[PDB]
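S.K.: Here you go, one structure.
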Amino acid sequence: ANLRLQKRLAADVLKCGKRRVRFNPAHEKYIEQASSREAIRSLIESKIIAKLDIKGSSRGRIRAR
Amino acid sequence: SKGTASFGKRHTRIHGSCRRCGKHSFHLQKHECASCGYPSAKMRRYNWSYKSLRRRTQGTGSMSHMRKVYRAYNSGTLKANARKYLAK
Amino acid sequence: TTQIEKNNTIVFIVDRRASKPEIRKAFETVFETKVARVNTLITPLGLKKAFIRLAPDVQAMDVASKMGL
Amino acid sequence: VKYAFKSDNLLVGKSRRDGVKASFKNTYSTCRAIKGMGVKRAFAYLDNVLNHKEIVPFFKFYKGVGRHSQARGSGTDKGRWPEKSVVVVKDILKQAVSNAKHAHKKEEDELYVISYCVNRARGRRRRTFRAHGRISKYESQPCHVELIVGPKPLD
Amino acid sequence: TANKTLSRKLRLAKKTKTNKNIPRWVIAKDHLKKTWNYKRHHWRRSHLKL
RNA sequence: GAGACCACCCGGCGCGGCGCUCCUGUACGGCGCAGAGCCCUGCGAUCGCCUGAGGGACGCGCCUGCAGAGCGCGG
RNA sequence: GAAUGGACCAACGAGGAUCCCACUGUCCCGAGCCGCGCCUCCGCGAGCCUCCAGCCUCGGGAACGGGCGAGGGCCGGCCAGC
RNA sequence: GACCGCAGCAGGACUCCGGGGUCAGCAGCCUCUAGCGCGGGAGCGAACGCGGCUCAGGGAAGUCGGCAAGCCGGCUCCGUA
RNA sequence: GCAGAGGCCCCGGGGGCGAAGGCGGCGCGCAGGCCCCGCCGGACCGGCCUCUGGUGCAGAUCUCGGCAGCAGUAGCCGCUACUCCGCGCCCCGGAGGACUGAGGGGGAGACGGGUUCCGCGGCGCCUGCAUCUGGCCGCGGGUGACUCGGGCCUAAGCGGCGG
RNA sequence: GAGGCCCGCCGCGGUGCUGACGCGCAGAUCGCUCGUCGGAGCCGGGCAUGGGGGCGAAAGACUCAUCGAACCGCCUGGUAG
RNA sequence: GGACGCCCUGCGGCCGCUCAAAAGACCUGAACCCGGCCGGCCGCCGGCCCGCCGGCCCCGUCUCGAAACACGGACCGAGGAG
């Protein structure tokens, strides 16, 4: 259902934006139950919740030019 | 610009609440109440509007002291009055 | 309830007219306890709420249990 | 009081829904089509309209409905596929057929849709904001659909 | 607004405290029939202190 | 081949292949004894060969594949 | 017609004119195209207006008629346009 | 993104802090971070309209009038009444 | 004809055995109108004489209330954009494809709003389509300062002053 | 390294299309095209000035969608050949 | 302030119940307008069995004169002026 609170909480714990938070598709239930920063933090250790890389732009072509 | 666009620049309160009349009529720059008359000691009442006079007047509130003293005059305040009129 | 357990703090609705010195003195007499710091706020509903931090030697849970909190 | 059909012991089965949030004009048309229809044929037809394989002929409120191929033998060149009406008219048809079969020991084949009456109802009123600082109405036109299934083959 | 005054905040907090529907038991006790307070205000459509 | 919706003219459609033809201009890659030079044992825009190539198609012929004609509705 | 200022124009100007080169569908003379509306469907859904009505020609008449006089047309219901 | 305009109104409304590439640029055009898909959707590809695109030969003959469109444009080096 | 007043209505006018009214249909009257009958309705109503008037509607760009055709019509064409699967909603999760493009569709304040904030449930209202969504609705909560700001100082100004 | 200097972003104006809109997004908005962009500049808060008065780089402009005399209540059910 | 049975995924339908009566969120329930069934072919006046023939401009209003291309009037109810 709404995992809005979980993605807001997780972004706060992972200190990234909600765009970079990535929930495990398999466990939609495990995350739904989590309603506390602490519960989200336990899932983050379990790697069912993870922050992505900043996906920054390549500067290889720029270095070559 | 004369109309809707200039309505967007409204973001201030020219009239605040009045200590005596509790109405959004207390100009804050000129420090006076449009309806109450406050800070004047006489309340501001004008006979051109009787509707305004009806809106704030004796009887639009509790009228506590007066109601009790009128009832007392009808009962036993006249006799107490006679004792002090007799005096010493 | 967590504040009682971790920060030794009782949360009390008090008279708005009251000041932090009076609330420390009052809590200390009525509950027979010692108060270190009172931090207070006036709620959006207009009621003062005081966070009473009790002295470190006193245990807030004992004060709370006596009151019924 | 709300029913408009006064059969004299004709062993009919009836259902009616009031204040139905669907168009009066669209519902009137859907109900009109299922008239004189065997109950089993009507349920299939309403389902075909839902899939856009059969059309609801619009015989009374046609100003704006488009000429369509599926209405070729309908008696009209104009029709449409009301979806929110079909759903409603079928639910009431399902209640009516149950009522007749349960009370009068009727069968789906025996039953035919002998009568209908969809009337206008008070509409929810909202506000459209028009130009030059004007406000106008955005009101719904609800229905009071009544359906009666009857043993008569409408001889 | 976040920098309000206690005297503006306390007159605004009365409105928040009294924006309530009639308690259901009150309707039953008085046979009120009309159950809408009618003095209730919704922030978007309302202009308190105006 | 016809069209706002309809109507029309047609009807085992169509799909996606393969040929033909046409469009565009010689594919990626490999190779080189091409290459101004450079400094190190490589780099290098380009160039030549394979290659009227490759890619594309709504046009034409064909089927080596799935398919394709209501137990619909009227009458 | 001379600080109701007269004459004078360098530099300026979304000021008002005339021409030249350049340029272009401004045009000759239009054509093709791309989006979006339109159009059809599902779901939502108003306004303005309104004696009654809604085909014409002529005559008379507030001298310019839908109704009246005399002729000539006309199934009925709709849609896209205009 | 909750203010004010009857409204969850292409209108207004004061600031603070401000990454990368191309660039003279905080311009235009793309992007990292961050935010996030607006009173709905499907078809169809008519007229016509709105927002554009191209047009052979001519080159203002059009019009009240080059209105609109188009030409022109960056930089460097000459040259300049 | 209407609405009231003072009378009358031969054992004290008519009425739940059905008043007024509404709806149809006769009769009578030159007509204004009147009567009756059936039906609906469910407590009041008159004829006649005398009396009194805020006493009769088609119009007034009449007032107020309802409401028709138009009409399933005009419209729901700002901000480049959605798609697949998973309860599958415009919700949420994953995958794509993008956009606002650091004078931001970003993060924050002043002011103005005043609970919109948060969690939980819900779709009856609203969300101009939908909704399982929500700034909507119900329930319960939420703003902690010796160091930040007010408070204090003075500015333009404003008030006070024997008079 | 000077300038009520020029080009040009935001800003602040508002020229043309007499473009869109004109039952609007909007009781004046939108799109391009523009005027300016170190200055008689632009912008916020506080304050001053009040109706035959104010303020006006002057248009009878502006004074809360109202201006060749604001608005509200009253005189006033003003008077009308 | 709606018994019970039935069918509903449910919404809700139905049967009936309480009542003198549903009077069911409310007394009576008009006109406009609308839907089902059900006749008919269409306005007024006159004749006749009754769909034919004959007559028939849109009222109010100012006005010399209005069907006027003069004005007011979509419809209906209540209120509305010596």
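Chains: A, B, ... in order of the structure tokens. Residues: from 1 per chain. Ligands: from 1, in order shown.
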Based on DSSP run over this structure's backbone, return all residues of chain E in alpha helix (DSSP H), as a ChimeraX atom specification.

M.R.: /E:6-18,24-30

S.K.: Could the residues of chain K that have an atom at most 7 Å from chain D be listed as CSV, each with its closest atom pair and the distance in Å to one decimal, counting only C-alpha atoms (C1' of nucleotides) and ordered by chain and ascending residue number?

M.R.:
```
residue,atom,partner,partner_atom,distance
K:7,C1',D:98,CA,6.2
K:13,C1',D:15,CA,5.7
K:14,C1',D:99,CA,5.8
K:35,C1',D:119,CA,4.9
K:36,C1',D:117,CA,5.0
```

S.K.: When you look at residue 61 in chain K with a cut-off of 10 Å (counting only C-alpha atoms (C1' of nucleotides)), what residues show up, excluding the ones that are within fewer than 2 positions of it in the same chain? I need them as a ChimeraX atom specification.

M.R.: /I:59 /K:59,63,71-72

S.K.: Please dump the current selection as a PDB file, in the first residue's frame; keep N, CA, C and O atoms (P, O5', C5', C4', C3', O3' and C1' of nucleotides).

M.R.:
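The resulting file, part-v3.pdb, is shown below:
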```pdb
ATOM      1  P     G I  59     -48.591  39.740 -14.598  1.00  0.00           P
ATOM      2  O5'   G I  59     -47.285  40.535 -15.059  1.00  0.00           O
ATOM      3  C5'   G I  59     -47.460  41.823 -15.683  1.00  0.00           C
ATOM      4  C4'   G I  59     -46.811  41.795 -17.040  1.00  0.00           C
ATOM      5  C3'   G I  59     -46.154  43.103 -17.483  1.00  0.00           C
ATOM      6  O3'   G I  59     -45.118  42.815 -18.419  1.00  0.00           O
ATOM      7  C1'   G I  59     -47.905  42.616 -18.936  1.00  0.00           C
TER       8        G I  59
ATOM      9  P     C K  59     -53.597  39.406 -31.464  1.00  0.00           P
ATOM     10  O5'   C K  59     -54.119  39.691 -29.993  1.00  0.00           O
ATOM     11  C5'   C K  59     -53.792  40.921 -29.341  1.00  0.00           C
ATOM     12  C4'   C K  59     -53.205  40.641 -27.986  1.00  0.00           C
ATOM     13  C3'   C K  59     -53.003  41.870 -27.120  1.00  0.00           C
ATOM     14  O3'   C K  59     -54.195  42.220 -26.418  1.00  0.00           O
ATOM     15  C1'   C K  59     -51.001  40.631 -27.175  1.00  0.00           C
ATOM     16  P     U K  63     -50.835  59.078 -26.748  1.00  0.00           P
ATOM     17  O5'   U K  63     -50.726  58.887 -28.324  1.00  0.00           O
ATOM     18  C5'   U K  63     -49.617  59.435 -29.044  1.00  0.00           C
ATOM     19  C4'   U K  63     -49.375  58.645 -30.302  1.00  0.00           C
ATOM     20  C3'   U K  63     -50.357  58.900 -31.423  1.00  0.00           C
ATOM     21  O3'   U K  63     -50.107  60.129 -32.107  1.00  0.00           O
ATOM     22  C1'   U K  63     -49.903  56.586 -31.266  1.00  0.00           C
ATOM     23  P     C K  71     -37.941  47.338 -31.103  1.00  0.00           P
ATOM     24  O5'   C K  71     -38.197  47.460 -29.537  1.00  0.00           O
ATOM     25  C5'   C K  71     -37.801  48.631 -28.802  1.00  0.00           C
ATOM     26  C4'   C K  71     -38.770  48.867 -27.672  1.00  0.00           C
ATOM     27  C3'   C K  71     -39.051  47.654 -26.805  1.00  0.00           C
ATOM     28  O3'   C K  71     -38.093  47.480 -25.771  1.00  0.00           O
ATOM     29  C1'   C K  71     -41.095  48.675 -27.424  1.00  0.00           C
ATOM     30  P     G K  72     -37.404  46.060 -25.572  1.00  0.00           P
ATOM     31  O5'   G K  72     -38.228  45.386 -24.383  1.00  0.00           O
ATOM     32  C5'   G K  72     -38.438  46.128 -23.165  1.00  0.00           C
ATOM     33  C4'   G K  72     -39.671  45.578 -22.503  1.00  0.00           C
ATOM     34  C3'   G K  72     -39.822  44.057 -22.549  1.00  0.00           C
ATOM     35  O3'   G K  72     -39.071  43.414 -21.532  1.00  0.00           O
ATOM     36  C1'   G K  72     -41.862  45.071 -23.144  1.00  0.00           C
TER      37        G K  72
END
```

S.K.: To test your reading of the structure, identify every residue in chain A that backbone DSSP assigns to strand (DSSP E), and report it as a list in words.

M.R.: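 Listing strand (DSSP E) positions across chain A yields residues 21, 22, 23, 49, 50 and 51 of chain A.
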
S.K.: Using only C-alpha atoms (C1' of nucleotides), I'd like every residue of chain D that has an atom within 9 Å of chain F; please write them out as an MDAnalysis selection string.

M.R.: chainID D and resid 54 66:69 73 77

S.K.: Using only C-alpha atoms (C1' of nucleotides), which protein or nucleic acid residues come within 12 Å of residue 46 in chain F? Drop anything in the same chain fewer than 4 positions from it, and give the result as number ranges by chain.

M.R.: F: 34-36

S.K.: Write a file of the just-selected residues containing N, CA and C atoms (P, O5', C5', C4', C3', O3' and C1' of nucleotides), as a PDB file, in the first residue's frame.

M.R.:
```pdb
ATOM      1  P     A F  34      51.472   2.473 -46.597  1.00  0.00           P
ATOM      2  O5'   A F  34      51.631   3.904 -47.270  1.00  0.00           O
ATOM      3  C5'   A F  34      51.413   4.069 -48.678  1.00  0.00           C
ATOM      4  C4'   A F  34      50.413   5.168 -48.894  1.00  0.00           C
ATOM      5  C3'   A F  34      50.535   6.332 -47.921  1.00  0.00           C
ATOM      6  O3'   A F  34      51.511   7.280 -48.324  1.00  0.00           O
ATOM      7  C1'   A F  34      48.281   5.657 -48.055  1.00  0.00           C
ATOM      8  P     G F  35      52.661   7.692 -47.307  1.00  0.00           P
ATOM      9  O5'   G F  35      52.041   8.926 -46.483  1.00  0.00           O
ATOM     10  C5'   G F  35      51.164   9.864 -47.154  1.00  0.00           C
ATOM     11  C4'   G F  35      50.316  10.542 -46.110  1.00  0.00           C
ATOM     12  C3'   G F  35      51.007  10.776 -44.766  1.00  0.00           C
ATOM     13  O3'   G F  35      51.750  11.985 -44.791  1.00  0.00           O
ATOM     14  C1'   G F  35      48.878   9.801 -44.415  1.00  0.00           C
ATOM     15  P     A F  36      53.328  11.949 -44.608  1.00  0.00           P
ATOM     16  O5'   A F  36      53.717  13.491 -44.577  1.00  0.00           O
ATOM     17  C5'   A F  36      52.954  14.455 -45.325  1.00  0.00           C
ATOM     18  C4'   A F  36      52.461  15.542 -44.404  1.00  0.00           C
ATOM     19  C3'   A F  36      53.312  15.770 -43.159  1.00  0.00           C
ATOM     20  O3'   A F  36      54.338  16.716 -43.420  1.00  0.00           O
ATOM     21  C1'   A F  36      50.991  15.726 -42.604  1.00  0.00           C
TER      22        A F  36
END
```

S.K.: Compile a residue-level contact table for chain I against chain D at a cut-off of 7 Å, reporting for every qualifying residue the shortest atom pair and its distance in Å to one decimal, with only C-alpha atoms (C1' of nucleotides) counted, rows ordered by chain and ascending number, as CSV.

M.R.:
```
residue,atom,partner,partner_atom,distance
I:72,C1',D:64,CA,6.8
I:73,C1',D:64,CA,6.8
I:128,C1',D:128,CA,6.9
```

S.K.: Identify, on the basis of only C-alpha atoms (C1' of nucleotides), every residue whose closest approach to range 13-30 of chain J does not exceed 8 Å; exclude the query and any residue fewer than 4 positions from it along the same chain; express the result as an NGL selection string.

M.R.: (:B and (1 or 3)) or (:D and (130-133)) or (:G and (14 or 47-48)) or (:H and (9-11 or 50 or 67-68)) or (:I and (78)) or (:J and (34-36 or 65))
